[PDB]
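Inspection log for the structure reproduced underneath, given as structure tokens.
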Amino acid sequence: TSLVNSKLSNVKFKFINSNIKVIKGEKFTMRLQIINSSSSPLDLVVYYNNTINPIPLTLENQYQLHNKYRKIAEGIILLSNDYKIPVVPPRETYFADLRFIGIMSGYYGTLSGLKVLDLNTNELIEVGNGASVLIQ
Amino acid sequence: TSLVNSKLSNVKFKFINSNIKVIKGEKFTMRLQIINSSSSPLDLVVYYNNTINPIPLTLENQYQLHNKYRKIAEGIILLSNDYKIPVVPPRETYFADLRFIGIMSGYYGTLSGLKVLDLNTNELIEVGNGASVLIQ
Amino acid sequence: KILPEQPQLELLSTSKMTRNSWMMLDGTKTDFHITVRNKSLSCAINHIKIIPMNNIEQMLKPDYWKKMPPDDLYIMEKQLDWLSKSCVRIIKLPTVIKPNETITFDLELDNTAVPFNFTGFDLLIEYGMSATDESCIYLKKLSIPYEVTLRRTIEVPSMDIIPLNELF
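Dropping the structure here:
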């Protein structure tokens, strides 16, 4: 579960420190490791979207879902948005040094929003499931 | 004479301030204008040669020539040696911001050694003819 | 019909140029000097006017405003107006030249807000000699071109808002 794989590919993603706790408002860093062994390099780009995902359910469940999506959207901000991971040559590894800062205290277990787009087949793998950020 | 063009090509070179006077020891900056209008971008690379040119003349003239070559060789140094001027697209211009520092007091009129190599046809044009550095 | 003697301007030199070529770092504002001389030996000009007009003001068809919304119309036309007025400008120009006088005047090229197709500049001047106090001024034209190239520098390609929720 913590180790997240990519569909229709062989690449692999893993946070070196998947569990981190830090005071709110202090920028922190996460080292995202990429393992590539398929055939060829890639140009995958990582980005965090701070937009409320539209909701599709009773009013209680509907508002629970909206609160969850709001906290996901405007809780954490990635200070290297639309980053271009340069090259990941075959049978080699690489570290994407992501930088964040939290603004809304909470427990962002398996944080969504952080999703990495592969610019070879338009993959939208949810790489952010291997994170357990806890900002006070 | 001060304005120098390139043989077997249309690119043209000119220093903004070809007449510069600075105290010896202090590093100075010389702004080289490139004109490109021929067909296509160039990948020219500029360097300063700090080796004594081998001599080919009586002893008098031969030692005069050797002293001149030594003064050219170990007088000035380019602090951006082997600078790859990135691109000069056609019908445009570019400023190669060369940076120097002198170590021997003298008048280096039409200084040699500063020669720019073109990595398309191996042109070894003498771009330094439009420089008149004087340093005390 | 026979007109009196007319003058001429030569463009003796420009200070920081090489055959009217320059580079700009897309946000920095520079300036330089223009030197001209009246060739005529008998009478000189009593009227100068500078009207720069670059490529983009030259390379927009007369009907651009037909089918566009008000907001983009305002944005583009504000850019055009600023480029017409607050762009490359003259400071401390002369008002009377003398025969065979090499006069020099300054020119400030300010491009803090120009688009990424500003590759061209066609400063044209119309000096003239007043007639013999009869009814008119005899104007002329001179259309010196400049080929300035604009590099690229810091640019913002995206935005967000994300309002705050909790004090720190």
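Protein chains in written order, with this note's numbering: chain A, 1 to 136; chain B, 1001 to 1136; chain C, 2001 to 2168. In this text, a Cβ means the ideal position worked out from N, Cα and C, and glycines have one as well.
(1) Give the C-beta separation of A/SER9 and A/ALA131 to the nearest angstrom, bearing in mind that I take them to be a contact with Cβ-Cβ under 8 Å.
(2) What are the boundary residues of the alpha helix (DSSP H) that C/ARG2151 is part of?
(3) Do C/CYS2043 and C/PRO2094 have their beta-carbon atoms positioned less than 8 Å apart in this structure?
(4) Using the C-alpha atoms, what's the distance from C/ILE2034 back to B/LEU1044?
(5) Would A/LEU98 and A/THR1 qualify as a contact pair, given that the criterion is a beta-carbon distance under 8 Å?
(6) Determine the DSSP secondary structure at B/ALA1096, reduced to helix, strand or coil.
(7) Three or more C-beta pairs closer than 8 Å, one from the region 2115-2123 of chain C and one from the region 2147-2161 of chain C: is that the case here?
(8) Whether or not the region 2149-2167 of chain C and the region 2105-2118 of chain C are in contact is what I'm after, with contact meaning three or more pairs of Cβ atoms, one per stretch, closer than 8 Å; do they touch?
(9) With DSSP run on the structure shown, which of helix, strand or coil describes C/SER2158?
(10) So is A/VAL46 buried or exposed if we call it buried at 16+ other beta carbons inside 10 Å?
(11) Can you find a C-beta in chain C that's less than 8 Å from the C-beta of A/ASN50?
(12) Taking 8 Å as the threshold (C-beta atoms), are B/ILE1035 and B/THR1093 in contact?
(13) A/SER40: buried (16+ other C-beta within 10 angstroms of its C-beta) or exposed?
(14) Using the Cα positions of C/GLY2027 and B/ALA1073, report the straight-line distance between them to the nearest angstrom.
(15) Residues of the region 84-107 of chain A with a CB closer than 7 Å to any CB of chain C: list them in chain order, please.
(16) Does B/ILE1016 get closer than 8 Å to chain C when you measure Cβ to Cβ?
(17) Out of A/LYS84, A/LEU3, A/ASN50 and A/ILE16, state which residue places its alpha-carbon closest to the alpha-carbon of A/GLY102.
(18) Quick one: which chain A residues come within Cβ less than 8 Å of C/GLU2166?
(19) What whole-angstrom Cβ distance do C/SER2040 and C/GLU2010 have, given they're in contact under 8 Å?
(20) Of all Cβ atoms in chain C, is any one closer than 8 Å to the Cβ of B/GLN1136?
(21) The beta strand (DSSP E) spanning C/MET2129 covers which residue range?
(22) Buried or exposed: B/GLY1113, going by 16 or more other Cβ atoms within 10 Å of its Cβ?
(23) Taking the C-alpha atoms as reference points, what is the distance between A/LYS24 and B/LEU1119?
(24) If I'm right that A/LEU78 touches A/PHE95 with Cβ under 8 Å, what's the distance once you round it to whole angstroms?
(25) Per DSSP, C/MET2023 forms a beta bridge with which residues?
(26) So, C/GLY2128 versus C/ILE2050, is the Cβ gap smaller than 8 Å?
(27) Would B/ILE1020 pass as an interface residue toward chain C - the criterion being a Cβ-Cβ separation below 8 Å?
(28) Closer than 7 Å between beta carbons: that is the criterion. Which residues of the region 2148-2166 of chain C meet it against chain B?
(29) Excluding five sequence neighbours on each side, which residues of the same chain lie with their C-beta closer than 6 Å to the C-beta of B/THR1110?
(30) Kindly list the residues whose CB is nearer than 8 Å to the CB of C/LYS2098, restricted to its own chain and excluding five residues on each side of it in sequence; keep chain order.
(31) CA-CA distance, C/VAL2036 and B/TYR1063?
(32) Please confirm whether B/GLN1033 has its beta-carbon closer than 8 Å to some beta-carbon of chain C.
(33) Quick check on this structure: which residue in B/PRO1086, B/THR1058, B/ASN1053 and B/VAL1088 has the alpha carbon closest to the alpha carbon of B/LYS1071?
(34) Return the chain-ordered list of same chain residues with a C-beta closer than 8 Å to the C-beta of C/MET2024, the five sequence neighbours on each side being excluded.
(35) Look up A/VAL127 in the DSSP assignment and say whether it is helix, strand or coil.
(36) Measure from the alpha carbon of B/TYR1108 to the alpha carbon of each residue in B/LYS1021, B/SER1080, B/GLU1026 and B/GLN1033, then state which is nearest.
A quick look at the data gives this:
(1) Residue numbering aside, residue 9 of chain A sits at position 9 when the first sequence is read from its first letter. Residue numbering aside, residue 131 of chain A sits at position 131 when the first sequence is read from its first letter. Rounded, the Cβ-Cβ distance is 20 Å, inconsistent with contact.
(2) The residue labelled residue 2151 of chain C in the question sits at position 151 within the third sequence. No alpha helix (DSSP H) holds C/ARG2151; DSSP gives it neither H nor E.
(3) Walking along the third sequence from the start, residue 2094 of chain C turns up at place 94. Walking along the third sequence from the start, residue 2043 of chain C turns up at place 43. No, the Cβ-Cβ distance between C/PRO2094 and C/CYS2043 is not below 8 Å.
(4) Sequence index remark: in the second sequence, residue 1044 of chain B carries index 44 (1-based). Sequence index remark: in the third sequence, residue 2034 of chain C carries index 34 (1-based). Cα to Cα, the separation comes out at about 32 Å.
(5) As a working mapping, residue 98 of chain A is identified with position 98 in the first sequence. As a working mapping, residue 1 of chain A is identified with position 1 in the first sequence. In this structure, A/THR1 does not lie closer than 8 Å to A/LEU98 by Cβ.
(6) Counted from its first residue, the second sequence places residue 1096 of chain B at position 96. It is a strand residue.
(7) yes
(8) yes
(9) Numbered from its first residue, the third sequence carries residue 2158 of chain C at position 158. Coil.
(10) As a first step, residue 46 of chain A is located in the first sequence; it is residue number 46 there, counting from the start. A/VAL46 should be labelled buried.
(11) Residue numbering aside, residue 50 of chain A sits at position 50 when the first sequence is read from its first letter. Closer than 8 Å: yes.
(12) Your numbering for residue 1093 of chain B matches position 93 in the second sequence. Your numbering for residue 1035 of chain B matches position 35 in the second sequence. Yes, they are a contact pair.
(13) Taking the first sequence and counting its residues from 1, one reaches residue 40 of chain A at position 40. With fewer than 16 other Cβ atoms within 10 Å, it is exposed.
(14) Locating residue 2027 of chain C in the third sequence gives position 27, where the first residue counts as 1. Locating residue 1073 of chain B in the second sequence gives position 73, where the first residue counts as 1. So the two alpha carbons sit approximately 39 Å from each other.
(15) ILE103, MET104 and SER105
(16) Position 16 of the second sequence, counted from the start, is the residue given in the question as residue 1016 of chain B. Cβ-Cβ to chain C under 8 Å: yes for B/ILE1016.
(17) Mapped onto the first sequence, residue 102 of chain A falls at position 102. It is A/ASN50.
(18) In the third sequence, residue 2166 of chain C corresponds to position 166, counting from 1. Within 8 Å Cβ-Cβ: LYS24, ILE103, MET104 and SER105.
(19) If you number the third sequence from 1, residue 2040 of chain C lands on position 40. If you number the third sequence from 1, residue 2010 of chain C lands on position 10. At roughly 11 Å, the Cβ-Cβ gap does not stay under 8 Å, so C/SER2040 and C/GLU2010 are not in contact.
(20) Position 136 of the second sequence, counted from the start, is the residue given in the question as residue 1136 of chain B. Closer than 8 Å: no.
(21) Looking up residue 2129 of chain C in the third sequence gives position 129. 2128-2130 is the extent of the beta strand (DSSP E) around C/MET2129.
(22) Looking up residue 1113 of chain B in the second sequence gives position 113. Classification for B/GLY1113: buried.
(23) Residue 24 of chain A sits at position 24 when you count from the first residue of the first sequence. Residue 1119 of chain B sits at position 119 when you count from the first residue of the second sequence. About 54 Å.
(24) Locating residue 78 of chain A in the first sequence gives position 78, where the first residue counts as 1. Locating residue 95 of chain A in the first sequence gives position 95, where the first residue counts as 1. Incorrect: roughly 16 Å between the Cβ atoms, too far for contact.
(25) Position 23 of the third sequence, counted from the start, is the residue given in the question as residue 2023 of chain C. Looking at the DSSP assignment, C/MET2023 forms a beta bridge with C/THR2149.
(26) By 1-based counting over the third sequence, the position of residue 2128 of chain C is 128. By 1-based counting over the third sequence, the position of residue 2050 of chain C is 50. Against a cut-off of 8 Å, the Cβ pair of C/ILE2050 and C/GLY2128 comes out as no contact.
(27) Translated into positions along the second sequence, residue 1020 of chain B becomes position 20. It does not; no Cβ of chain C falls within 8 Å.
(28) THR2149
(29) The sequence position of residue 1110 of chain B within the second sequence is 110, counting from 1. These residues qualify, in order along the chain: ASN1129.
(30) If you number the third sequence from 1, residue 2098 of chain C lands on position 98. Closer than 8 Å at Cβ, skipping near neighbours: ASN2038 and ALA2044.
(31) Counting from one through the third sequence, the residue named residue 2036 of chain C turns up at place 36. Counting from one through the second sequence, the residue named residue 1063 of chain B turns up at place 63. In a straight line, the C-alpha of C/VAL2036 is about 49 Å away from that of B/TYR1063.
(32) On the second sequence, residue 1033 of chain B is found 33 positions in, with the first residue counted as 1. For B/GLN1033, the answer is yes, since a Cβ of chain C falls inside 8 Å of its Cβ.
(33) Position 71 of the second sequence, counting from 1, holds the residue named residue 1071 of chain B. Nearest C-alpha to B/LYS1071: B/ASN1053.
(34) Position 24 of the third sequence, counted from the start, is the residue given in the question as residue 2024 of chain C. Closer than 8 Å at the Cβ level, and outside the excluded window around C/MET2024, lie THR2030, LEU2109, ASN2111, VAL2148, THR2149, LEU2150 and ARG2151.
(35) By one-based count along the first sequence, residue 127 of chain A stands at place 127. Three-state DSSP puts A/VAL127 in a helix.
(36) Within the second sequence, residue 1108 of chain B is the residue found at index 108, counting from 1. Of the candidates B/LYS1021, B/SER1080, B/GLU1026 and B/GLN1033, the one whose C-alpha sits nearest the C-alpha of B/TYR1108 is B/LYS1021.
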